[PDB]
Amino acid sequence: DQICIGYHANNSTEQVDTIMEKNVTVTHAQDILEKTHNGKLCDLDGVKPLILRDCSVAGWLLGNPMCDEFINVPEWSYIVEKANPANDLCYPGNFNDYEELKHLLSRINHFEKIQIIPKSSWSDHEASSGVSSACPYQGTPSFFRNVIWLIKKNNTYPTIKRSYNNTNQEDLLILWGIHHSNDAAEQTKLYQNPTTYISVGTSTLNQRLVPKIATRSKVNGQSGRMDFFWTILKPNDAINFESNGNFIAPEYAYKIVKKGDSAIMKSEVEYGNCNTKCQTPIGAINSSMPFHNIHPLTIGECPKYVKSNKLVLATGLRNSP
């Protein structure tokens, strides 16, 4: 007559690693490493991303004519750019403080394009004549939608002195630019005056720009350059433009409410109408595990990224053969 003590055994071959033992098979186990994503791009706490397919943020803001598909969304949690968007700046040049702006627009609570200086209102200058082959609209020569390339009218370019008081209740994002011409002949053909400037002043801003008239290599067929600038005009403050040439004036500013930081995501994966609290450039993550090995560049409350393939915790006993 015998009585015996013993433990469970089953049909399991899941193995775990010990600090002194290698490949130990156990009854039950639990993996705490996430390695599954849904392959698509989704919202983030019920707020959709701003997906700019093929358009850079600069082109979207300025309105590259070859983009034009998106200034309608009032709120987003992150921005989706392709690794190297095709439509950045049709006319060559540089965007001042570009990355700082892109970070600022990483996550916007309320965003509303408005017109601040109507194209109609250019009495003494040529509004509808600032076009170029480098920024074409379906074959025809154009320019950025949201800024106006002013030109001399009736062989004159009288000194502009425009101002704007932000009567809105939100902050206003205004952009403008300056055109570096190539020689005195072009300079005076475009703007009548030879030596020009741009003064831009708010409470914070105290800027004056002079065009660099030199010779460069041609880019998108053009050897001129156009440099763009931006500012956040606080409510009730006023911006003062002044210029006798080479001005790229604003038509539209952007109402802006920032209550959060986020980060731009370079991805080609397509949106899939799915919500998550964690997102990667190759898919979303719906997990509660502490670790993942999917992708390092996450946005959201994510598990900590590891460079591991398994993280199995033994839960059962040792399995017998």
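Note that residue numbering begins at 1 and tracks the sequence as displayed.
Comparing 23-31 with 46-54, the higher mean C-alpha B-factor in the PDB entry belongs to 46-54. Between 67-75 and 165-173, it is 67-75 that carries the larger average Cα temperature factor according to the deposited entry. Across the residues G139, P92, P158, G221, the deposited record lists the maximum Cα B factor for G139. As recorded in the PDB entry, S287 shows the highest C-alpha B-factor of the residues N38, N293, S287, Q279. The entry lists a Cα temperature factor for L317 that places it in the middle third of the chain's modelled residues. Ranked against the other modelled residues of its chain, the C-alpha B-factor of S123 as given in the entry falls in the highest third. Per the PDB record, residue ranking by Cα B-factor puts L62 in the middle third of the chain. Annotation for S308: CA B-factor lies in the middle third of the chain's modelled residues. The entry lists a Cα temperature factor for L297 that places it in the middle third of the chain's modelled residues.
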